[PDB]
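Below is one structure, written out as structure tokens; comments come after it.
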Amino acid sequence: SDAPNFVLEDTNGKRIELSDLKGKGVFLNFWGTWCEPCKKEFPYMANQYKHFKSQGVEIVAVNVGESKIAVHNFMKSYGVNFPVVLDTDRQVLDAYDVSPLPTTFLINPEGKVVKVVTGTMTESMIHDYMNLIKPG
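Per the authors' numbering, the very first residue in the sequence shown carries number 40; after that it's consecutive.
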């Protein structure tokens, strides 16, 4: 299944579009600063990102609607080193049909959804999920 495309701005103002990432695996996260699991999981994605970014896996952590400042504070507190976008009007969330939070979509290099993950992820899981969608 094709991942609905979207265009959003990351927390530095940069226009990011899903289809611009064709060729890379995309670890697509929907999250909010009130999710306990993301407090645990963002450090793990950060640490796996050190390894996977040069393998051609990208993270896109879609924050569901919160203020630039609430997001910035969460990113500093949990050592985030990956791209975060702002779903300001929560329209990408509805395009993805998401509930609960977090939910992660594993999108392969050809732009298709290979796995939808809800519920808890260990760092070992995150590792595997990223190997599942890496180009090489």
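For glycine and all other residues, C-beta sits at the position ideal for the given N, C-alpha and C.
Alpha helix (DSSP H) segment containing residue i, residue limits
| i | result |
| --- | --- |
| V137 | Looking at the DSSP string, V137 is not in any alpha helix (DSSP H), and its letter there is neither H nor E. |
| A109 | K107 to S116 |
| residue 24 | Residue 24 lies beyond the residue range present for the chain, which begins at 40 and ends at 175; the question has no answer from this structure. |
Inter-residue Cα distance where the pair is residue i and residue j
| i | j | result |
| --- | --- | --- |
| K173 | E162 | 16 Å |
| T127 | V103 | 7 Å |
| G62 | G52 | 23 Å |
| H111 | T50 | 8 Å |
| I165 | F91 | 11 Å |
| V153 | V99 | 16 Å |
| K78 | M169 | 19 Å |
| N147 | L60 | 10 Å |
| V65 | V101 | 12 Å |
| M160 | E97 | 18 Å |
Paired residues, beta bridge with residue i - DSSP
| i | result |
| --- | --- |
| residue 178 | Because the chain spans 40 through 175 in this model, residue 178 falls outside it and cannot be assessed. |
| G64 | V96 |
| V124 | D49 and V101 |
| residue 176 | Limits of the chain in this structure are 40 at one end and 175 at the other, which puts residue 176 out of reach. |
| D41 | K151 |
Residue i - containing beta strand (DSSP E), residue span
| i | result |
| --- | --- |
| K154 | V152 to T157 |
Short Cβ contact (9 Å threshold) for residue i with residue j
| i | j | result |
| --- | --- | --- |
| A109 | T157 | no |
| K151 | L125 | no |
For the 8 Å Cβ check, are there 3 or more pairs between the region 112-130 and the region 79-90?
-> yes
Evaluate the contact criterion for the region 40-53 versus the region 128-144: three or more CB pairs, one atom per stretch, below 8 Å.
-> yes
Would you check if there are 3 or more beta carbon pairs closer than 8 Å linking the region 110-118 to the region 140-151?
-> no
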